[PDB]
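FYI, it's all coordinate maths here, none of it is from the lab. Counting neighbours? That spans all protein chains shown, and the Cβs are built from the backbone with ideal geometry, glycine included.
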Amino acid sequence: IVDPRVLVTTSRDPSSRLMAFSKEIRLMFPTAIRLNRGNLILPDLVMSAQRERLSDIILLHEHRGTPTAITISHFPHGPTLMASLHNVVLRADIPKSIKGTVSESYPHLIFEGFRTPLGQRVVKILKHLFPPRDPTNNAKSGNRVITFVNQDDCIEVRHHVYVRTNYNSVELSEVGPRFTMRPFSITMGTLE
Amino acid sequence: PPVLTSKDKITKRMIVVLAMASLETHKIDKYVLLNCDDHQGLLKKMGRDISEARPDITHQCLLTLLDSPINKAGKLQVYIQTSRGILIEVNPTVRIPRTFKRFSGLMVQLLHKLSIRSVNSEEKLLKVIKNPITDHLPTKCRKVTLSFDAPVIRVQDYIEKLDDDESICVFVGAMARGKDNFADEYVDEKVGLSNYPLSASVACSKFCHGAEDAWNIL
Amino acid sequence: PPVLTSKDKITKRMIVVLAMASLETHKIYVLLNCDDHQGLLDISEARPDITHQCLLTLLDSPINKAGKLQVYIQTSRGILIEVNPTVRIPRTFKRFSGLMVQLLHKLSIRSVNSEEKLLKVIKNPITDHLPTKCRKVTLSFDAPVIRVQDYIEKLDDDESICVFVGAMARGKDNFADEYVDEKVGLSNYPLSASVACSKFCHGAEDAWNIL
Amino acid sequence: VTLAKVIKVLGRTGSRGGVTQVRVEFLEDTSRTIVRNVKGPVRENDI
Amino acid sequence: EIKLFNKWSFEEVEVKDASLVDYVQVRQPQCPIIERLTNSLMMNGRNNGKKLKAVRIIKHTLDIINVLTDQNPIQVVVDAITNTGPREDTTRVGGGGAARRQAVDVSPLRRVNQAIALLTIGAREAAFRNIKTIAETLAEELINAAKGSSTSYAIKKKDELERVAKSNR
Amino acid sequence: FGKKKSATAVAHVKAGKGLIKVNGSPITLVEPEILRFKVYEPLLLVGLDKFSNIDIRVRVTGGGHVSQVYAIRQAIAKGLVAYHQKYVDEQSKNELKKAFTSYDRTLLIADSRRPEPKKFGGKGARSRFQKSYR
RNA sequence: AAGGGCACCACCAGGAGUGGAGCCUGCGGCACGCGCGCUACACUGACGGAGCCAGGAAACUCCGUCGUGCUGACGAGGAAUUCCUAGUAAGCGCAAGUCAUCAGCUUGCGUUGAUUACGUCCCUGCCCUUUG
């Protein structure tokens, strides 16, 4: 199939801080669209999926019960999962010199804490979401890796740029965004 | 005698903008204005702000303008425009402090709070406002830059040529030296006022005088 | 531009004499002045800033640059100072005071090289130093307003013009009455001393095709 | 849109001539029409 | 959407110097004919965030702005945004540093627009006459843009923009 | 018979007399007025062929105000031309129609606009909240 | 470095905007800093009576009172920087999550209802090659 396209939808309770998280996680590089309006009431998600031709969707919602909640949704049966994250105001910002950053390159993946869990869903999700183009040919020139680690009940999303020397040698430099996801409600597809 | 402000876009009037003004607070744990007397030691140490610290010029100019008849007659408003890009509107009825020490105190407070309020009235006396100056200016306003290297003019004559509904805005460099391009992007032309280099204050009297003559102010 | 002095009694010049100037040193010496010596004290007799203000206003003028101006200062205690037209007076009050204090102690400020005296305490009265053809006038809110340009044009081709302005914050216009021919006003509004100075300079610059 | 040529019309029988236009440091397309000064290709236009 | 008519209905089918008329009641090059301007005069009025009353505004501004020395109201409104547009201002340079800004047209729909929300603005910014007649400032100022179509008297920057894009050219 | 951007107006058609009541009133009133015309301007709009006729009138109700107003709008002439022949014109009902829609947008069918959609964001829709992490 | 592309999380054209203000809730500190906001500076208004109707809603329409006077902190905000191209933005509001009580949150949902563009130019990002 063609590369899956993503639609980011700000919910009724989406704010600035959560929107900043949407912008950094999503970007026109280039299989993505942003809307400043959206809802998860319904059939509405299926409606937006058809009219915008996006099989991946992210709803942005925040209440005190579920703060900074990002509901990842796939058109394919076996979908939704709520991932909530929060940031500290004290986190230093990395504004880019380390990463001259070619937009639209196939990211590398590393998953730490793979099992067996009913989760498996998360690994499936993020692999389907950010693996873009499926090619037989790969140029070995970089660039970045998406790392996901289980941390005694939260998933730690990190993004690093690769540097290589003759010392071995791979070294990593974090470029962000840095997110700790708290797992919420899940919906799974029927056997059919 | 109605007080003139940027809100009014129609009245014919003279506006002086003290461009490139040297206003900057200084920490020491108390605050004061960066100025060549106290801080010539420091400035030099840090290898710069050589005469970038001349708030007195601004102070001089202000007294000079507000003390002028054309101000008393209510046909003049002033604006400031800092080296660091801060823009101030000056309420024409403000009795600015006579001494530099007392001036400093008040400019330090204005800069930290963005406005100075009358103790009884709700109109501000000084107010930090948003650039560009050209939003706040009258709709039909002639704009010029005073410059030693520009064609010399007789202000009285320069003024009688203005449409009866057209204001005049003059940008003066409130500074000891520098290129007179602090306003190239806004002005229609540049003019000289004397064959002698002037000080900002003097340029200011000269111009007020001139308007005062031409607009019949005693 | 050949420099004007009290010796030249022929040339047609404009003279401004800053009267009731507050120049009283205070032993600690520095200049007595509102800011520092507010507490120590009547604030009116201590406004040297006004003098300093006017000196800048006056020496910076096109008319002084054309060397047809002469400044004199006569304090509120009757001390008399001739200012040299070519002196580049300190720009800041602080530096001004250092200098002003020194001059009062030494009676003159000498150029580090030239024989000229940048500033000098001379003996009274001021009449013995002015030109022989010279109109004596006092500025006053309490007098008939005038156009400075008109007034200057009525002067004999030889007649100089000497105005007495009060370098003070408040008070009677009497300070020069024993010398003046006439008291006049430059405005319908009451002016600061320095502003009154601009007015005259500028009006006379106009009258004299300066420049 | 630097005004192209100025093919007026005879002598005193033209309220004003026409003028094509496109752009150099931006756009570029066919045109003519609205303006009645008297500059030239020395002068220019915008898009 | 969503205005009215009558109230005078003085339809001056002339007054349209330069281009303009080929877009005096238009939008396209990007609407179509967004009701003969006065649908945008009335619209550029929604500067708090909602039409109607805006609609009134317009209307009052009209009956007023014609009652007072009538020029057919609508033709004052046309002859308002008429002799009252920009005409070849500057726009950055890039050719320097530290630019400079050169000038030129003025894509018609511009001239109309850039003077529309403009006269609109000058109005909005009451502060003279800081009365209570929004439609007055909206009128007179627009009237001081019909009578004002005799200098200056409310627009002003009208000139400025142009009476400036000559030197730094 | 015609709904408008979340609103909806119903059509009454069978020949009668004057006083055409909207909701249960009189297109004299219709008091969310100001632009109270554009309602009386369908009937007025009859300015193209007819003068008023001699027929019927029905009630509207949906969404909110100006919505409804714009609904009752089509409602009318979207019901003068009513089929016909007992309503529209027993022949060539393009009489009105093409005329009552050579300057229309109400009887000129309805607008493809309709509220919905937001976003996991800020307000939602497209306006996604304002964030500026440092 | 080169050469070239795409994008309102990037510019242009503007729109609304925070950053000033009061309180709000977070992250620090441990008098004070940084962030997401709420409501305000008022005459397109506030204020009372009244008209209606949404997925006794409010914004809103009318009739009348106040007189641009800190009236019935804060006089429109420095340097920065946010976001968005139409059933949008923007304003106004309610349902639901939260729950014994509690929403200045949030996901939603209707209500009024703009101005903007030839766009690619440059600043930011991304990319694709080549080139080391």
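Rounded to whole Å, give me the distance from the Cα center of region B:140-197 to that of region A:27-84.
Going from one Cα centre to the other spans 59 Å.
Among DSSP bridges having both ends in chain B, what percentage is antiparallel? Round to the nearest 5. Intermediate values should be presented prior to the final figure.
Details: 13 of 34 bridges.
In chain B, DSSP labels about 40 percent of beta bridges as antiparallel.
Let me know the mean shielding of A:30-37 by other chains, meaning the per-residue number of their Cβ atoms within 10 Å of its Cβ. Could you put the intermediate results ahead of the total?
Values: counts 0, 0, 0, 0, 4, 10, 12, 13.
That works out to 5 on average.
Scattering from the C-alpha atoms of the protein assembly as shown alone, worked out with Debye: what is log10 I(q)/I(0) at q = 0.06, 0.08 1/Å?
For the protein assembly as shown at q = 0.06, 0.08 Å⁻¹, log10 I(q)/I(0) is -0.70, -1.04.
Could you pull out every one of the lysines with an alpha carbon less than 27 Å from that of A:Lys99, ignoring same-chain neighbours closer than 8 positions?
Within the straight-line cut-off, A:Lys99 pairs with A:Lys23, A:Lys127, A:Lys140, F:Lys131.
Give me the percent relative contact order of region F:1-120, please, defined on Cα pairs under 8 angstrom at least 6 residues apart. Walk me through the intermediate numbers first.
Numbers: 206 pairs, mean separation 41.3, N = 120.
Value for region F:1-120: 34 percent.
Quantify how strongly other chains surround peptide E:119-126 by giving the mean number of their Cβ atoms within 10 Å of each of its Cβ atoms. Please list the in-between numbers first.
Values: counts 1, 0, 3, 3, 0, 0, 7, 3.
If you average over the peptide's residues, the count of other-chain Cβ atoms is 2.
Roughly how many Å is it from the Cα centre of region B:1-68 to that of chain D, as a whole number?
49
Once a ≥ b ≥ c are taken as the square roots of the eigenvalues of the Cα gyration tensor of region A:30-183, is the result rounded (a/c under 1.5), prolate (a/b larger than b/c) or oblate (a/b not larger than b/c)?
Numbers: a/c = 1.68, a/b = 1.43, b/c = 1.18.
Prolate.
May I ask you to derive the FRET efficiency for B:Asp29 and B:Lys113 from their Cβ-Cβ distance with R0 = 22 Å, giving the value to the nearest 0.05?
Numbers: r = 18 Å, r/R0 = 0.83.
The value I calculate is 0.75.
Can you tell me which of A:127-134, E:87-94, A:13-20 comes out highest on packing, and rank the rest after it, using the mean Cβ neighbours within 10 Å?
On the way: A:127-134: 13.8, E:87-94: 15.9, A:13-20: 22.4.
With the highest mean Cβ count within 10 Å placed first, the list reads A:13-20, E:87-94, A:127-134.
Give me the angle, in degrees from 0 to 90, between the Cα long axis of helix F:65-77 and the longest principal axis of the Cα atoms of chain F, rounded to the nearest 10.
It is inclined by approximately 30 degrees.
According to a simple spin-label model (label point 7 Å from Cα along Cα-to-Cβ), what is the distance in nm between A:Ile41 and A:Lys127?
It is 3.8 nm.
For region C:1-125, what log10 I(q)/I(0) values come out of the Debye formula at q = 0.13, 0.14, 0.19 1/Å, with one point per alpha carbon and no solvent?
Rounded to two decimals, the profile gives -0.52, -0.60, -1.08.
Please sort by residue number the GluC sites (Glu not before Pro) in region B:59-161 whose DSSP state is loop and whose Cβ has at most 16 other Cβ atoms within 10 Å. Each step should come with its number before you reach the end.
Numbers: sites: B:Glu89, B:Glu122, B:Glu123, B:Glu160; in loops: B:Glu122, B:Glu123.
Of the GluC sites (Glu not before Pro), the ones in loops of region B:59-161 whose Cβ has at most 16 other Cβ atoms within 10 Å are B:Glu122, B:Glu123.
How far apart, in nm, are two points set 7 Å out from the Cα along the Cα-to-Cβ line at A:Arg51 and at B:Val3?
That separation, rounded to one decimal, is 5.4 nm.
Using a Debye calculation, one point per C-alpha and no hydration shell, please list log10 I(q)/I(0) for region A:5-48 at q = 0.15 Å⁻¹ in order.
Rounded to two decimals, the profile gives -0.38.
Using +1 on the beta carbon of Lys and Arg, -1 on that of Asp and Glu, and nothing else charged, what's the dipole of region F:1-120 about the Cα centre, debye to 20? Intermediate values should be presented prior to the final figure.
Numbers: 22 positive and 11 negative charges, 98 e Å.
Dipole about the Cα centre, nearest 20: 480 debye.
Let me check the size of chain E from its C-alpha atoms; what are the radius of gyration and Dmax in Å?
Calculated on Cα positions, Rg and Dmax stand at 16.4, 56 Å.
Assign unit charges at the C-beta atoms only (+1 for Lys and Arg, -1 for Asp and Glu), then state the dipole size of chain D relative to its Cα centre in Debye, rounded to the nearest 20. Don't jump to the answer; show the numbers that get you there.
Values: 9 positive and 5 negative charges, 94 e Å.
Charge dipole of chain D: 460 debye, to the nearest 20.
If you filter region C:163-198 for trypsin sites (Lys or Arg not before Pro), then keep DSSP loop positions with at most 14 other Cβ within 10 Å, what is left? Can you show the working numbers first?
On the way: sites: C:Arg170, C:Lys172, C:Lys183; in loops: C:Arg170, C:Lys172.
Loop-located and lightly packed - C:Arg170, C:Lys172.
Find out how many positive minus negative residues lie around A:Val145, taking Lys and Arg as positive, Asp and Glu as negative, among other residues whose Cβ is under 11 Å from that of A:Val145.
Values: positive: A:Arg144, A:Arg158; negative: A:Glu174.
Within the 11 Å Cβ shell, the charges total +1.
Based on the mean of other beta carbon atoms within 10 Å per residue, what is the order of E:148-157, A:35-44, most packed first? Walk me through the intermediate numbers first.
Working: E:148-157: 21.7, A:35-44: 18.3.
Going by the mean number of other Cβ atoms within 10 Å, highest first, we get E:148-157, A:35-44.
So what J values fall out for region A:18-23 if you push phi through Karplus, 6.51 cos²θ - 1.76 cosθ + 1.60 with θ = phi - 60°, rounded to Hz, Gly and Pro as x?
5, 5, 5, 5, 5, 4
What does the charge count near B:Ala73 come to, summing +1 for each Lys or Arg and -1 for each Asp or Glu among other residues with Cβ under 15 Å from its Cβ? All intermediate terms of the calculation are to be shown ahead of the outcome.
Values: positive: B:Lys12, B:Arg13, B:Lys72, B:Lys75, C:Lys199; negative: B:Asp67, B:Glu212, B:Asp213.
Combined, the nearby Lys, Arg, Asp and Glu give +2.
Using 7 Å Cα-to-Cβ label points, what is the A:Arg182/C:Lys12 separation (nm, one decimal)?
9.2
Where does the charge balance sit around E:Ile143 when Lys and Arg score +1, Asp and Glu -1, over other residues with C-beta under 13 Å from its C-beta?
Once positives and negatives cancel, what remains is -4.
Below 20 Å, Cα to Cα, which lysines can B:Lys12 reach? Residues fewer than 8 away in the same chain don't count.
Filter leaves B:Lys72, B:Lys75, B:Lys140, B:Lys143, B:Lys161, B:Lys206, E:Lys147, E:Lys156, E:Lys157, E:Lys158.
Per residue of B:134-147, how many C-beta atoms from partner chains lie within 10 Å of its own C-beta, taken as a mean? Before the final figure, lay out each step's value.
On the way: counts 3, 3, 1, 3, 5, 17, 12, 5, 4, 3, 0, 0, 0, 0.
Taking the mean over all residues of the peptide, I get 4.
Rg to Rh for chain D: what is it, with Cα atoms only and Rh by Kirkwood?
Here the Rg-to-Rh quotient is 1.00.
Ordered by residue, what ³J(HN,Hα) values in Hz, to whole numbers, does region C:95-109 give under the Karplus form 6.51 cos²θ - 1.76 cosθ + 1.60, where θ = phi - 60° and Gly and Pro are x?
Karplus-based 3J(HN,Hα) across region C:95-109 equals 3, 3, 5, x, 4, 4, 4, 3, 4, 5, 6, 9, 6, 5, 10 Hz.
Please report, in whole Å, how far the alpha carbons of chain F spread along each principal axis, starting with the longest.
72, 29, 20
Between A:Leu118 and A:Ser97, what length in nm is gained on full extension when 0.36 nm per residue of separation is reduced by their alpha carbon distance?
Details: separation 21, 0.36 × 21 = 7.56 nm, distance 3.98 nm.
Roughly 3.6 nm would be gained on extension.
Would you work out if region C:122-211 is rounded, prolate or oblate? Take a ≥ b ≥ c from the square roots of the eigenvalues of the alpha-carbon gyration tensor; rounded if a/c is under 1.5, else prolate when a/b is larger than b/c, oblate otherwise. Don't skip to the end; give the middle numbers.
Working: a/c = 1.67, a/b = 1.03, b/c = 1.61.
Oblate is the answer for region C:122-211, as a/c is 1.5 or above yet b/c matches or exceeds a/b.
Just in region A:74-112: which trypsin sites (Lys or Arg not before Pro) are loop by DSSP and have at most 16 other Cβ atoms within 10 Å?
Working: sites: A:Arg91, A:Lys96, A:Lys99; in loops: A:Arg91, A:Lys96, A:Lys99.
When the trypsin sites (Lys or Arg not before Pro) of region A:74-112 are filtered for loop state and at most 16 Cβ neighbours within 10 Å, A:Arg91, A:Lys96 remain.
Quick check for me: using +1 on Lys/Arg Cβ and -1 on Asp/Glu Cβ, what's the dipole size of chain B about its Cα centre, in debye to the nearest 20? List each step's numbers first, then the result.
Working: 31 positive and 27 negative charges, 160 e Å.
Its charge dipole is roughly 760 debye.
Viscosity 0.890 mPa s, temperature 25 °C: what is the translational diffusion coefficient of chain B from Stokes-Einstein with a Kirkwood Rh over Cα pairs, rounded to a whole number of µm²/s?
Numbers: Rh = 17.8 Å.
Value of D from the Cα-based Kirkwood radius: 138 µm²/s.
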